[PDB]
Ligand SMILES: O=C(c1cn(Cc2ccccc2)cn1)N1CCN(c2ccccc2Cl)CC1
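One chain follows as structure tokens, the form solved without this ligand.
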């Protein structure tokens, strides 16, 4: 029944930045081709007076051949016609870490407990994603409440990414 084509994905109606700001702990990730950001990923989102969102991040990274650092990132959200969809230009502090420009969309959030972010870097000829990534976000490093857990799972399914995610640990690396 449900569609798997990008342009169909729902997003957070009336997305509010302000409300969003703050610390978010990554509980689950759905890796894209060429994984970066391993685990212990904590993100600190903000917005300045203009209405411009931005954020930093931090987590383990597994460089080539086993060499794991504690990266520190920087993103800067470029709006779009739709409130929940942003163009995110990111880069790390160390000129050697990864740089890019990725679509960042807020699929769903309640602002105070969980969030579900989505990103599709390369579409297929059929409209489905050929290279995507997801983040389940939790305002608490211990998990979300059974109630939040439920919509979140509902959400992972609407993105046709269910049971594709993987638990994100916070064992204290960073």
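Take the two forms, find the largest set of C-alpha atoms that superpose within 1.5 Å, and that set is the rigid core. Residue numbers count along the first chain shown, from 1.
The protein also exists as the form solved in complex with this ligand; that form is not presented, and the subsequent description refers to it.
Student: If I take 3+ ligand atoms inside 2.4 Å of backbone or C-beta atoms as the clash criterion, is the pocket here open or blocked once this ligand is superimposed from its pose in the entry with it bound?
Tutor: After the site C-alphas are aligned, the pocket of the shown chain is blocked to the transferred ligand.
Student: Quick one: is residue 35 in contact with this ligand in the entry with it bound, heavy atoms, 4.5 Å cut-off?
Tutor: Yes, residue 35 sits close enough to this ligand in the entry with it bound that at least one of its heavy atoms falls within 4.5 Å.
Student: Could you tell me if residue 114 has a non-hydrogen atom within 4.5 Å of this ligand in the entry with it bound?
Tutor: No, residue 114 stays farther than 4.5 Å from this ligand in the entry with it bound.
Student: Consider residue 83 of the chain shown here, and say whether it contacts this ligand in the entry with it bound, taking contact as heavy atoms within 4.5 Å.
Tutor: So residue 83 does not count as contacting this ligand.
Student: Taking heavy atoms and a 4.5 Å cut-off, does residue 123 contact this ligand in the entry with it bound?
Tutor: No, no contact at 4.5 Å.
Student: After superposing the two forms on their rigid core, pick out the one entry in 74, 88, 97, 84 with a CA shift of 2 Å or more between the shown form and the other one.
Tutor: Per the superposition, the moving residue is 97.
Student: Align both forms on the core first, then report whether residue 64 has a C-alpha shift of 2 Å or more between the shown form and the other one.
Tutor: The answer is yes, as the C-alpha of residue 64 shifts between the shown form and the other one by 2 Å or more after core alignment.
Student: Could you tell me whether residue 166 and residue 98 have their C-alpha atoms closer or farther apart in the entry with it bound than in the shown form, knowing the shift is 3 angstroms or more?
Tutor: Farther, not closer.
Student: Kindly indicate if, in the entry with it bound, the C-alpha atoms of residue 26 and residue 98 are closer or farther apart than in the structure shown, bearing in mind the change is 3 Å or more.
Tutor: More distant in the entry with it bound, by 3 Å or more.
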